[PDB]
Protein chains: 2
Amino acid sequence: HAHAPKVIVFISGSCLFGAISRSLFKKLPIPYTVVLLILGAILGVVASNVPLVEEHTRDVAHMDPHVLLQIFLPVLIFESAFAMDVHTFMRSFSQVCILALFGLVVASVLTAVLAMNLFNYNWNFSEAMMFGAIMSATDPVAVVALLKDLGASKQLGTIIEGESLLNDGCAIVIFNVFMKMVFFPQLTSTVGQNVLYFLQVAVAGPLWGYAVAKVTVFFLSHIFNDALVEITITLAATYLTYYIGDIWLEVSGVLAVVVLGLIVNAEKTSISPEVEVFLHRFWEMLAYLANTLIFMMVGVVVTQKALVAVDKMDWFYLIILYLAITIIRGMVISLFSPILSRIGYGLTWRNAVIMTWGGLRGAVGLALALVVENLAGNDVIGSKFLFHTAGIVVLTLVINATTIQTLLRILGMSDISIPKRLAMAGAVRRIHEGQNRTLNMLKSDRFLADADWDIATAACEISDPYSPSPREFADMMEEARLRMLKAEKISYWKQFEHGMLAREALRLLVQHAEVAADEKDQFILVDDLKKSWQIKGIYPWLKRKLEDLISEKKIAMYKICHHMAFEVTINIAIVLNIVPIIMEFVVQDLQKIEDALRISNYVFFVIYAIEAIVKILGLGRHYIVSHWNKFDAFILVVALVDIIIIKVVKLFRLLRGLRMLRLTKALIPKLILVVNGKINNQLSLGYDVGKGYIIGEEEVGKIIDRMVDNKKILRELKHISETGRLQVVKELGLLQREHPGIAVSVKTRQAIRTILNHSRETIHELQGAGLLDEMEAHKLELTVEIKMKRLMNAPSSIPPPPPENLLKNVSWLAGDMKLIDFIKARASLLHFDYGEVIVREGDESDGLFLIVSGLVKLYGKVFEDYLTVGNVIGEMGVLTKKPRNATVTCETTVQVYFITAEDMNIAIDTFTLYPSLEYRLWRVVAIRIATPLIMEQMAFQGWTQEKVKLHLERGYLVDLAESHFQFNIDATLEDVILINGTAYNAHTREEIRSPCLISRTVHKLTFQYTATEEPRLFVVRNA
Amino acid sequence: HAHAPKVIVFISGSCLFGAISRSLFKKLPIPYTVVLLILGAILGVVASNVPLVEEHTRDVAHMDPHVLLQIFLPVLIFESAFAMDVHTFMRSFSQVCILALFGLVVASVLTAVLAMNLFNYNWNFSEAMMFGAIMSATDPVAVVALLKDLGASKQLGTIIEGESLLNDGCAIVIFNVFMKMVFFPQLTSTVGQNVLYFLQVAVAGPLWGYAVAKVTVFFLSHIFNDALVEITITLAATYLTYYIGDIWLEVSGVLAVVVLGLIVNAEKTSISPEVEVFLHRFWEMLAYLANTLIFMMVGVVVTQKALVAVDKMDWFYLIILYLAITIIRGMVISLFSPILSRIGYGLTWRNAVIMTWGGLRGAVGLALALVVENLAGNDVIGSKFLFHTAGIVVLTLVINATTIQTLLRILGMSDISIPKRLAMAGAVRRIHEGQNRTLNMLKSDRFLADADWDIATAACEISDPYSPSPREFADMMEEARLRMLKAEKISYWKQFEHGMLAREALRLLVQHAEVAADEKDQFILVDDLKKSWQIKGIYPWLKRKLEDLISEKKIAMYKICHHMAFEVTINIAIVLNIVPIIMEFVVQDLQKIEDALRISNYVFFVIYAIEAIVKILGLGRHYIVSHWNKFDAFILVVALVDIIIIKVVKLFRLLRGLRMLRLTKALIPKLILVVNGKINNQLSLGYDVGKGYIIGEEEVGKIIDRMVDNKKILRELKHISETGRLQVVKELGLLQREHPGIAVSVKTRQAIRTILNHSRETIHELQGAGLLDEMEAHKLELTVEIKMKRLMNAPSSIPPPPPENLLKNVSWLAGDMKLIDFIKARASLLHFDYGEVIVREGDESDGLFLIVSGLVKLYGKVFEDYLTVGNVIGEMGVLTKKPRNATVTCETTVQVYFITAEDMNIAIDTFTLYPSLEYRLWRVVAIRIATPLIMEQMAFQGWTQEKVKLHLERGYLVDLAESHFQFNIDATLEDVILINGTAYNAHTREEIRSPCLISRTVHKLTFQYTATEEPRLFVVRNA
């Protein structure tokens, strides 16, 4: 049949040709795109003779320009943006913006001048600027792929990629401008019109993209368990944004799509992870299809109607143009180098050379050249444009793309560093050992004894891809420093893999560690981490001001005046009435429409009059005290004036202003929520990085004790770590005090994340045991994922709980309502000011302190520490009745719940059960004492501190009421720690001190009925 | 600009409307498709008045029929096929084929008769058959989703889905036929032409799809580390198959796409797993887009130009038609029920009612109705077709789709079974316990003490979604039987999750277990498992015959006559020459072409003459003995006759036949490989299921010893398990003997799979420790995945290794070339026939037997067992010098390497090192003895037998040369087992027997220097 969609044949053929090209030239240096161009040229030449191939090709090869752009360019641009590492892009944004915007301007201008002066085509400035804009387009994929693969200068890869993104967007903008100037020349517009056009293309585009992106992520964050909807929304958002911006609004669509991609890639937390991984490959595949189609269309067109108008001088011009554009890009990079060196990551001459050589052209330039070809028609301009663009693309893909690897080798950037080589060698050796063990296991299997082991061993073998004095003191200290940095990086990776750290915090910590590792005796100084948790003053200032604006404490039928429905109704009334207020006056700027709209205006005036009467008769004389109500009264005044009544054009403005401005009262709270959200993001990263650093320091300080030899260097390293940890904890406490609600929200979020992660772990564990079918386990996992996604929509400003809630949430006051009542009755609330001492070292343990507000410093004896809300001081005091262990000083205004030692003795005596109160207290103290010991003995193994704390949580405290000697049964036992008192090994009668871990070899423990030091011992069990 | 692609707006709008519909009506019973139809109707009515909306809609709403089909129908059909559970579909294929093909025929015929007689439209039979074909289309999604969710009658879900797939395909075929009969009426064709047309649509379609699918999977199985290529190949294959089949070949494209989807979904092992999971969602999303677009187009068209021609009687006809089609489907199901009950899964009346009520119509029927609308144009036929189709779709989506849940409730199918409720309750309780533990852990954290715990606890809470006598003896035996079945299912799931079982074997075992669990005292009888490993005689017969054909033992310049290049060259010559032999004669059926082709024919005759002279002068008088060479000589005879010369038309056939038939010699070996592949698949499933059953029986036989009480029922269960295991092992050994090479290939494949799985596990383990960066670990994982995918392309017929290789691959002869030489010198090869006894019980241990071929039965004293190739007999004999433990009887012709006890004593004495030969022997024996003990004590925990064997592999044998008493240090120790001799606990002097596991409580062991029973003890260590 004649009306078959022949485009399908061409599309699928391009797919298969791309498959063949990639498969065959996977290992060769020449990229597959050149093969696609050659195949397209062959296809075009054969079509020129065979009419059937012409029938199958014409539909796509001679496609309309607008179709080409509005289908392919959004795909290419959004795939480029959605592939970005947005965070390093933003941290190098100024550098990339300079290098991209100003670099494109200069390069395109110089290329246009070259085209006008060198070429004999006698082009005008508009056509030459079009040419330069096309030539300035860039394609980083083949170079950034290598830079990401080699791992050298990870910053350079993203600088190149983002520069390509931005220069491609701006090049498309410039191309559209000059294309409209040359092929659709309108009348010479006024300078004001040109300024408006500039604002419309350069400013309105990003704002349109930003609005669409924020709306898109808003909806995405409220879709649960519907992947198809999320993917469909993303796709439709991209295409609809481009179409609406470029056509309806005449706004720059490419920039809008760039902003949309960046914003969604940043807010990517709003997207379910599985559809995120789906979307990455989906957009990669769409971009691949677009690239293949564009290259094959270029081949067809260039062989059909471009080379026919090519002369000998054109080749010389092509060579000169290639050299010229290379030199121009190099000159631009070197010229801005003085500026870029002082901004962001800076530039080395090696990085600059890679940037200069790696500037490949690609699909964007070819698409624009095809547009020029279609628009020019019979004119030679299109032929020359397509010829030169394709020639330079071919040259870059043949010379630059193939020689970039050799250049990276020559400049010394491709060298794998020694640490990576050592890590790979160790991993390969461990893999070989595991494979040998598995082979030995299999050879013993009766059902596999006859298997050909030579073939198996050959098949499963994995190979290494990379295959007392000052000098001595300096060597030893460098060794210790590098080893500590490696241990810290390992700790951060372990923290992340178990879900305790977000990716951003891990990346910050790791990159800081690496930077410190290549700068003399530079450890990870806290000052660099400081910038993570430093809140810019703009957000706190805005919060303070805006919250002042909505402070109704001057004010706080009457029942309705303070009921929600009233405000909701009037808000809806204003928002609805705004639509007529726009439509009517724009229509005036048909009488049966105006009169009806003015009747509706009477109706809305009646609604406002009813509302004003409501407020007056409810709030009495207090109504007009509020400035908001003053504005409302002025609204009613204007309404009376203009309903009783230059008057017309006066009314058209007054009834717009007085009515549109009334919704700012409802707007401001949402703006406060936005400010809270940004502060929450910054504070969340601050907490993540600070806590990660503290935990890593704690783990490494006990790792190094067994892996660094000299005592003095060990002490120096410990001192450095302790100083950093103390500073970090103090800063985090002060931040908590500055913004209570945000800190509470962050901590609740972290708690929920941890609980849900461990719940998913339990689900997986009991699925592996086969106790749940895959489908039911999947259902439970779906519930977990839905809860986790709803977590992202937390209020972000949870009000701080009152002291009573903190008292009733203490670990050893969980449940047990009667004990909570007793303690709340006995407790007293004490307030202290800055610099005061709550309690001193050596004092008698007169009671507990539960910090309900503030921050305290704990000095002792080198024992400096900081405590904040929730922490309770003096448990050891009341339990063992020994003197105070530390001096408590307030670093800020502090409020503490004080419970006397006598009230604690009374509570302990009065409350007794299997979950004994004293049992709970000693359990908490014993876990806190035990965790450091278990890490000190076993931090060299893969256990994190979280694993140790959960391991102890599974344990129990030995009673010694049913016995007076403890047997290491090793069934229902995994490890033992002593806390209080002294014990003796039954057989050898060796002595164990109070805080000592029980050695593995020890068999049985003997105790004494010494009430003064009634021994307490902790045990953990396997099953 | 005017030439903007307005289709983009409509597509993206349909996307957003679908998103809104799904989001809003997620919980309501009404499906979102009805909402989409209503929205499309609103859009059409508003378009009829607003011309701009008409401009934006016309491009899609009034789309060409061919575009509609060739874009959407392939997507819908391939998504339906690629979503299939192909294996249960194939195991119910006959039932589905009856119910679908004959059911569609009857239903469509009856619907057409109803249309002709009831409706006043005065339709002819062609139009009525079109109507019936449209009405017969089905959409199971909303019902199969529930059946898969509830888990009741999993077979019913796939029966419905496959019936829908096949009936939709056949309905499209019938619609195409009658559409061509009515709207493109050609001249009345002859009956032979009709038969050819039937073969072309019904037969050639499936074959075209099969060929394309096999080629596609062939290419997919040779693409490594390129996801984009795989996805692009799949997409292009689907569309190109449909286009080529329907247009170029005029072959049924829908059936071709159905076969393509099924074959790819079956050969899905050829696809990289990540792109498999990508592709499932990709095709689901494409189908979703197609559905949304079709529904919105229906709304627009029906509101614009269909309802305008609707009358009151049409609604009555619609109601009558709905009732009629429902009754017809029910009648068809009940009428075929006698046949379907005796085929496959059968049918209950409840399942039949669900099938009758769940037959929803959908996108396919609407698309065909739109085709009829576009083709009919101004005729009322299109209006009536679209009206009735849309009305019935709406009615089914409103009545059937909403009431199917209530019907499943009424029929008692929605009830969750008690075991699932218990499993869910236990999982929820464990999750609550884990969350409470995590909460206790967090509350102790100093940095989270101030978090609002009420909010967290409320957020993280997961809730249960489902919220001595004959009578007593029968209850107890049922309890034990059900408990054993549950344990077996758990064992199968554990085996699968650790990668020891393929999914198919697990599903077979689990479904067999469930079937046995609901049928009186029916355990898992081996007879059901037998059909898994039973090879159909067709493949062995074909292998034997074809391998006989290529037996060149009559035959096996001369150097070239037996060199590969010769045969390769002549094969290429024939395949190349066939192309001219086709082109020239078809062109005859321009003279400058024929003469050149005949010169080329002379050239190829010269090549054949050179080849024949080659064979003659090389092979001498032996040349003509081979029948293949007789045919070759006859080829040369015909070539001479027709080159020297009715003659023309004689030549046109003779030079085709004699030349095309010569390539069968090269074809046959590949066909033998195909036969080997199918036998390999069947044998691989047989081994998987048999070994899984054996392992599950071994684990459950030791689980039950601690969880079933009465001794007699325990003995009965043990006897049943032992009988099943013995039969399974015997059958597997016999299968191995029948097909040696295939068994060797399967076992090598399993070994490589296990090794690579454990290597990936090690990579993940050391990544979690942070010892490798994510990128390098990803590189190693990529290498592992590439090796695993290449594993799928194994030869499948690895030749059996010779006895020397088996001797040099024994576990304790690994490496150590000198010992291998000694043993190969000392060893002797003995041959035994059926029924002979190699050695008897109580005999003196005179030497080892290594089975190099055959199968042996080991009787002893109730000790019946079977051993096969690779297994070695008599190790205990030579080590402990005790009498023979069992009687060895040959169940088939057996060959054994015999090494005398004296040679073993000499080898032991002569060879001594840290990896001592006696140490190796005792290590093997100790592991074999120890594994049962560790399972017997700890099979109740989550450990599988593989975990136990690896756990022992990490261990070592205690020397007792540096000491005579063993200390349970519990560091560098995890468990202890005794093997030989007797030991005593140092403190209590309690006695430990030779095979006993050392108790956890025991402290230290004391031994004796009794050489007669020199004690051997095994130890495993943690770190």
# chains A, B, ... in the order shown; residues from 1 in each chain; ligands from 1
$ residues_around --residues "region 873-883 of chain B" --least-positions-apart "3" --cutoff "6 Å" --atoms "only C-alpha atoms" --output "NGL selection string"
:B and (842-845 or 848-849 or 901)
$ residues_around --residues "region 15-32 of chain B" --least-positions-apart "4" --cutoff "9 Å" --atoms "only C-alpha atoms" --output "JSON, numbers by chain"
{"A": [223, 226, 228, 229, 230, 232, 233, 235, 236, 237], "B": [10, 11, 36, 37, 39, 142, 288, 289, 292, 293, 397, 398, 399, 401, 402, 403]}
$ residues_around --residues "residue 800 (chain B)" --least-positions-apart "5" --cutoff "9 Å" --atoms "only C-alpha atoms" --output "JSON, numbers by chain"
{"A": [450, 451, 452], "B": [740, 741, 742, 743, 744, 745]}
$ select_by_dssp --residues "region 783-996 of chain B" --states "alpha helix (DSSP H)" --output "PyMOL selection string"
chain B and resi 783-791+803-808+817-826+875-880+901-910+917-938+945-953
$ closest_residue --among "B:414, B:759, B:853, B:341" --to "chain A" --atoms "only C-alpha atoms"
B:759
$ residues_around --residues "residue 167 (chain B)" --least-positions-apart "2" --cutoff "10 Å" --atoms "only C-alpha atoms" --output "PDB file with N, CA and C atoms, in the first residue's frame"
ATOM      1  N   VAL B  96      -4.727 -23.136  25.714  1.00  0.00           N
ATOM      2  CA  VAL B  96      -4.898 -21.756  25.275  1.00  0.00           C
ATOM      3  C   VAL B  96      -5.195 -21.709  23.783  1.00  0.00           C
ATOM      4  N   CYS B  97      -4.541 -22.565  22.998  1.00  0.00           N
ATOM      5  CA  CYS B  97      -4.756 -22.566  21.555  1.00  0.00           C
ATOM      6  C   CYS B  97      -6.185 -22.947  21.211  1.00  0.00           C
ATOM      7  N   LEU B  99      -8.892 -22.742  23.225  1.00  0.00           N
ATOM      8  CA  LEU B  99      -9.775 -21.712  23.757  1.00  0.00           C
ATOM      9  C   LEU B  99      -9.692 -20.417  22.962  1.00  0.00           C
ATOM     10  N   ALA B 100      -8.543 -20.142  22.347  1.00  0.00           N
ATOM     11  CA  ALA B 100      -8.328 -18.887  21.643  1.00  0.00           C
ATOM     12  C   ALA B 100      -8.747 -18.989  20.183  1.00  0.00           C
ATOM     13  N   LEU B 101      -8.141 -19.905  19.429  1.00  0.00           N
ATOM     14  CA  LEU B 101      -8.450 -20.006  18.009  1.00  0.00           C
ATOM     15  C   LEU B 101      -9.911 -20.386  17.792  1.00  0.00           C
ATOM     16  N   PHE B 102     -10.325 -21.553  18.299  1.00  0.00           N
ATOM     17  CA  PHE B 102     -11.687 -21.982  18.004  1.00  0.00           C
ATOM     18  C   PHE B 102     -12.695 -21.076  18.695  1.00  0.00           C
ATOM     19  N   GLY B 103     -12.358 -20.605  19.896  1.00  0.00           N
ATOM     20  CA  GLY B 103     -13.238 -19.685  20.593  1.00  0.00           C
ATOM     21  C   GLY B 103     -13.448 -18.390  19.832  1.00  0.00           C
ATOM     22  N   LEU B 104     -12.372 -17.820  19.288  1.00  0.00           N
ATOM     23  CA  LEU B 104     -12.498 -16.622  18.474  1.00  0.00           C
ATOM     24  C   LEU B 104     -13.358 -16.888  17.253  1.00  0.00           C
ATOM     25  N   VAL B 105     -13.124 -18.012  16.575  1.00  0.00           N
ATOM     26  CA  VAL B 105     -13.914 -18.300  15.381  1.00  0.00           C
ATOM     27  C   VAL B 105     -15.398 -18.319  15.728  1.00  0.00           C
ATOM     28  N   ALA B 133     -15.000  -9.680  14.768  1.00  0.00           N
ATOM     29  CA  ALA B 133     -13.569  -9.731  15.033  1.00  0.00           C
ATOM     30  C   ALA B 133     -13.151  -8.608  15.969  1.00  0.00           C
ATOM     31  N   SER B 136     -14.334  -9.402  19.488  1.00  0.00           N
ATOM     32  CA  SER B 136     -13.644 -10.526  20.104  1.00  0.00           C
ATOM     33  C   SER B 136     -12.300 -10.143  20.711  1.00  0.00           C
ATOM     34  N   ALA B 137     -11.776  -8.960  20.401  1.00  0.00           N
ATOM     35  CA  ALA B 137     -10.515  -8.534  20.988  1.00  0.00           C
ATOM     36  C   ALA B 137     -10.663  -8.394  22.498  1.00  0.00           C
ATOM     37  N   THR B 138      -9.580  -8.676  23.217  1.00  0.00           N
ATOM     38  CA  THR B 138      -9.619  -8.762  24.670  1.00  0.00           C
ATOM     39  C   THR B 138      -8.450  -7.998  25.280  1.00  0.00           C
ATOM     40  N   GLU B 161      -4.084 -14.400  30.027  1.00  0.00           N
ATOM     41  CA  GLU B 161      -3.202 -13.485  29.315  1.00  0.00           C
ATOM     42  C   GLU B 161      -2.827 -14.030  27.942  1.00  0.00           C
ATOM     43  N   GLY B 162      -2.454 -15.310  27.873  1.00  0.00           N
ATOM     44  CA  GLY B 162      -2.094 -15.901  26.597  1.00  0.00           C
ATOM     45  C   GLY B 162      -3.276 -16.012  25.654  1.00  0.00           C
ATOM     46  N   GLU B 163      -4.454 -16.345  26.187  1.00  0.00           N
ATOM     47  CA  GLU B 163      -5.644 -16.368  25.350  1.00  0.00           C
ATOM     48  C   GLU B 163      -5.908 -14.992  24.772  1.00  0.00           C
ATOM     49  N   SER B 164      -5.744 -13.950  25.585  1.00  0.00           N
ATOM     50  CA  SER B 164      -5.929 -12.599  25.079  1.00  0.00           C
ATOM     51  C   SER B 164      -4.924 -12.298  23.977  1.00  0.00           C
ATOM     52  N   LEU B 165      -3.654 -12.637  24.208  1.00  0.00           N
ATOM     53  CA  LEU B 165      -2.626 -12.413  23.195  1.00  0.00           C
ATOM     54  C   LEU B 165      -3.001 -13.068  21.869  1.00  0.00           C
ATOM     55  N   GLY B 169      -4.242 -11.378  18.263  1.00  0.00           N
ATOM     56  CA  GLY B 169      -3.526 -11.566  17.009  1.00  0.00           C
ATOM     57  C   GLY B 169      -4.428 -12.093  15.907  1.00  0.00           C
ATOM     58  N   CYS B 170      -5.188 -13.147  16.213  1.00  0.00           N
ATOM     59  CA  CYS B 170      -6.068 -13.726  15.207  1.00  0.00           C
ATOM     60  C   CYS B 170      -7.194 -12.773  14.826  1.00  0.00           C
ATOM     61  N   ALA B 171      -7.687 -11.975  15.775  1.00  0.00           N
ATOM     62  CA  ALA B 171      -8.711 -10.991  15.459  1.00  0.00           C
ATOM     63  C   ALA B 171      -8.178  -9.943  14.499  1.00  0.00           C
ATOM     64  N   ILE B 172      -6.940  -9.493  14.707  1.00  0.00           N
ATOM     65  CA  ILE B 172      -6.344  -8.547  13.767  1.00  0.00           C
ATOM     66  C   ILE B 172      -6.211  -9.187  12.392  1.00  0.00           C
ATOM     67  N   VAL B 173      -5.831 -10.465  12.348  1.00  0.00           N
ATOM     68  CA  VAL B 173      -5.719 -11.154  11.061  1.00  0.00           C
ATOM     69  C   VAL B 173      -7.067 -11.169  10.343  1.00  0.00           C
TER      70      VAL B 173
END
$ atom_distance --atom1 "CA of residue 211 (chain B)" --atom2 "CA of residue 677 (chain B)"
17.3 Å
$ residues_around --residues "residue 56 (chain B)" --least-positions-apart "2" --cutoff "8 Å" --atoms "only C-alpha atoms" --output "ChimeraX atom specification"
/B:6-7,9-10,52-54,58-59
$ write_last_selection --atoms "N, CA and C atoms" --output "PDB file, in the first residue's frame"
ATOM      1  N   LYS B   6       2.781  20.193  15.591  1.00  0.00           N
ATOM      2  CA  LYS B   6       1.710  20.285  16.576  1.00  0.00           C
ATOM      3  C   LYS B   6       1.378  18.937  17.205  1.00  0.00           C
ATOM      4  N   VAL B   7       1.812  17.832  16.596  1.00  0.00           N
ATOM      5  CA  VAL B   7       1.565  16.514  17.174  1.00  0.00           C
ATOM      6  C   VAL B   7       2.203  16.396  18.551  1.00  0.00           C
ATOM      7  N   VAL B   9       2.294  18.568  20.941  1.00  0.00           N
ATOM      8  CA  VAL B   9       1.379  19.075  21.957  1.00  0.00           C
ATOM      9  C   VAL B   9       0.360  18.010  22.327  1.00  0.00           C
ATOM     10  N   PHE B  10      -0.246  17.373  21.324  1.00  0.00           N
ATOM     11  CA  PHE B  10      -1.257  16.362  21.615  1.00  0.00           C
ATOM     12  C   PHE B  10      -0.656  15.180  22.364  1.00  0.00           C
ATOM     13  N   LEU B  52      -8.567  26.635  17.173  1.00  0.00           N
ATOM     14  CA  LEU B  52      -7.168  26.398  17.517  1.00  0.00           C
ATOM     15  C   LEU B  52      -6.964  24.980  18.037  1.00  0.00           C
ATOM     16  N   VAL B  53      -7.877  24.512  18.890  1.00  0.00           N
ATOM     17  CA  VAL B  53      -7.799  23.139  19.371  1.00  0.00           C
ATOM     18  C   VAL B  53      -7.981  22.167  18.215  1.00  0.00           C
ATOM     19  N   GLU B  54      -8.809  22.523  17.230  1.00  0.00           N
ATOM     20  CA  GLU B  54      -8.917  21.690  16.037  1.00  0.00           C
ATOM     21  C   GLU B  54      -7.577  21.594  15.321  1.00  0.00           C
ATOM     22  N   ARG B  58      -6.217  17.787  14.924  1.00  0.00           N
ATOM     23  CA  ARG B  58      -6.515  17.079  13.682  1.00  0.00           C
ATOM     24  C   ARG B  58      -5.388  16.135  13.279  1.00  0.00           C
ATOM     25  N   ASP B  59      -4.138  16.523  13.538  1.00  0.00           N
ATOM     26  CA  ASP B  59      -3.008  15.739  13.053  1.00  0.00           C
ATOM     27  C   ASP B  59      -3.035  14.318  13.604  1.00  0.00           C
TER      28      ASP B  59
END
$ residues_around --residues "residue 856 (chain A)" --least-positions-apart "5" --cutoff "12 Å" --atoms "only C-alpha atoms" --output "ChimeraX atom specification"
/A:729-730,733-734,737,832-839,849-851,864-873,886-896
$ closest_residue --among "A:635, A:508, A:202, A:961" --to "residue 528 (chain A)" --atoms "only C-alpha atoms"
A:508
$ residues_around --residues "residue 756 (chain B)" --least-positions-apart "6" --cutoff "8 Å" --atoms "only C-alpha atoms" --output "count of residues only"
4
$ closest_residue --among "A:581, A:570, A:220, A:524" --to "chain B" --atoms "only C-alpha atoms"
A:220
$ closest_residue --among "A:458, A:333, A:610, A:771" --to "chain B" --atoms "only C-alpha atoms"
A:771
$ closest_residue --among "B:493, B:317, B:631, B:184" --to "residue 114 (chain B)" --atoms "only C-alpha atoms"
B:317
